[PDB]
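Here is the structure we will look at.
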Amino acid sequence: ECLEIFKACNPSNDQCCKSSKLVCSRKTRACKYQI
């Protein structure tokens, strides 16, 4: 599941989308689109 709202992203369990900008590494464990 893609976490663009900034939901806690998993280290192995690929959550964030692909083409989506929602990043989880750059920011906290949470995955959210890059401002």
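By the numbers in Swiss-Prot, the shown part of chain A spans 53-87.
Per the header: solution NMR.
Note that Cβ sites are derived from N, Cα and C of the backbone, with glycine treated the same way.
Per Swiss-Prot, pyrrolidone carboxylic acid (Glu) is recorded for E53, and the stated evidence type is experimental evidence. According to Swiss-Prot, the disulfide bond annotation covers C54-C69, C61-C76, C68-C83. Positions annotated as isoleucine amide by Swiss-Prot, on the basis of experimental evidence: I87.
Annotated features taken from Swiss-Prot, shown on the structure.
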{"residue": "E53", "record": "pyrrolidone carboxylic acid (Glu)", "DSSP class": "coil"}
{"residue": "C61", "record": "disulfide bond", "DSSP class": "coil"}
{"residue": "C68", "record": "disulfide bond", "DSSP class": "coil"}
{"residue": "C76", "record": "disulfide bond", "DSSP class": "coil"}
{"residue": "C83", "record": "disulfide bond", "DSSP class": "strand"}
Site with most surrounding Cβ atoms, counting all protein chains shown within 10 Å, from the recorded positions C54, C76, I87: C76
Closest of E53, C61, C76, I87 to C69 (disulfide bond), Cα positions, recorded positions only: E53
Cβ neighbour count (within 10 Å, all chains shown) around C69 (disulfide bond): 14
Disulfide-bonded residues compared (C61, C68, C83) - highest count of Cβ atoms within 10 Å: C83
In sequence order, the recorded positions (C68, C76, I87) whose C-alpha falls within 10 A of the residue listed as 'pyrrolidone carboxylic acid (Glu)': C68
Cα-to-Cα gap, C76 (disulfide bond) vs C68 (disulfide bond), nearest whole Å: 7
Cα-Cα distance linking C61 (disulfide bond) and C83 (disulfide bond), given in Å to the nearest integer: 6
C61, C68, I87 screened against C54 (disulfide bond), Cα within 10 Å - retained recorded positions: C61, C68
Distance, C61 (disulfide bond) to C68 (disulfide bond) (CA atoms, angstrom): 7
